[PDB]
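Here's a solo chain for you in structure tokens, the form deposited in one PDB entry.
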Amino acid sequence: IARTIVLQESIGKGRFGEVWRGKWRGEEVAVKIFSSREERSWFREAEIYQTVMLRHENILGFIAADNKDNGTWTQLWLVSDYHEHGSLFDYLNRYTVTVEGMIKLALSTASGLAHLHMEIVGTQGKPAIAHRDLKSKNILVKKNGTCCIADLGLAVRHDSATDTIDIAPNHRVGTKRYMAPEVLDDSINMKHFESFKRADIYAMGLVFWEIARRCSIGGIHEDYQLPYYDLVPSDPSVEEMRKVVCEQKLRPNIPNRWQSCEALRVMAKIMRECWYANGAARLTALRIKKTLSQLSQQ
């Protein structure tokens, strides 16, 4: 693995470590590199990606975890598939999409989240998994115009037999802008795994809003914005978010334009039904997938 990979170009720094474009036997791969003092972050992400039966077309393709000693210090590596478009955030900043394109991005995202969330029962069993930091910067766009989900480092895994979670969750681990109301106000019951699934759904609703803005019909579309761009600072605090989302009870604005088009009407209805304050009221990822699959056929 690491011995035979050559780093070519720095992509960016995430929560911990740095992502690079590298070449393995001539083929582009992505490499996330951590220092020795970040071993816990590296290990936990490696552990999630090595979950039995995890691989899926809408989850980032994991190749290997490894160590590389350069002669002075040790680097801890994760290696994955490389996607030239990069993140959905980058993609939506650079491009507009068609109705077809929008549905493909939304459906693929929902399909990946439904797979994450779904327990697969059997001898080779997959636990249900919640992401805890879903956002457009953590979703990649493939050449074929579908998405796959990345940064599984903060994920939690469910044991169905006991209704327990594999780690002891801390409060408010993810990106503040995308935190669900119950995460912002700390009312979430973090002994209840379903609560983490429901919080992911709220975040996916925000991502859908980002996509729909860029859906261009007759040359008409909105400019790229992050959710709540109109209400909070860049790099918002929990308190700034809580005042908007919990107290004033605002959600991203749904433009009037989105009523002129069946696909955009279906997307807008999904968003509203991801954004309820009470997590139990929100749609499931499986139900969103079904709705978009049917829309995708019509």
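So that the term is clear: the rigid core is the largest set of C-alpha atoms that superpose within 1.5 Å between two forms. Numbers follow the displayed sequence, beginning with 1.
Across the other compared structures of the same protein with both neighbouring residues present, residue 219 carries coordinates in every case, with no third of them leaving it out. Compared with other entries of the same protein, residue 170 falls in the group left without coordinates by at least a third of them, where both flanks are modelled.
Of the two segments examined, 227-235 and 38-46, it is 227-235 that shows the higher average Cα temperature factor in the deposited entry.
As listed in the deposited structure, the average C-alpha B-factor of 256-264 and of 238-246 is greater for 256-264. By the numbers in the PDB entry, the CA B factor is greatest at 100 among 100, 81, 90, 84.
Ranking 156, 199, 217, 147 by the C-alpha B-factor listed in the PDB entry places 217 at the top. Residue 151: CA B factor lies in the lowest third for its chain, per the PDB record. The entry lists a Cα temperature factor for residue 119 that places it in the middle third of the chain's modelled residues. Among the modelled residues of its chain, residue 222 has a C-alpha B-factor that falls in the highest third according to the deposited record. Among all modelled residues in its chain, residue 113 ranks in the lowest third by Cα B-factor. Sort the chain's modelled residues by C-alpha temperature factor and residue 132 lands in the lowest third, per the entry.
Omitted from view is the form deposited in another entry, to which the following refers.
The residue that stands out in 230, 239, 247, 39 is 39, the single one whose Cα moves by 2 angstroms or more between the shown form and the other one on a rigid core fit.
Positional change of residue 83 between the shown form and the other one stays under 2 Å at the C-alpha, relative to the superposed core. When the rigid core is held fixed, the Cα atom of residue 169 travels 2 angstroms or more between the shown form and the other one. A movement of the C-alpha atom of residue 68 reaching 2 angstroms or beyond is seen between the shown form and the other one when the two forms are aligned on their rigid core.
Pairwise change in the other form: residue 170 and residue 273 C-alpha atoms lie farther apart than in the shown form, at least 3 Å. A change of 3 Å or more separates the two forms for residue 190 and residue 171: their C-alpha atoms lie farther apart in the other form.
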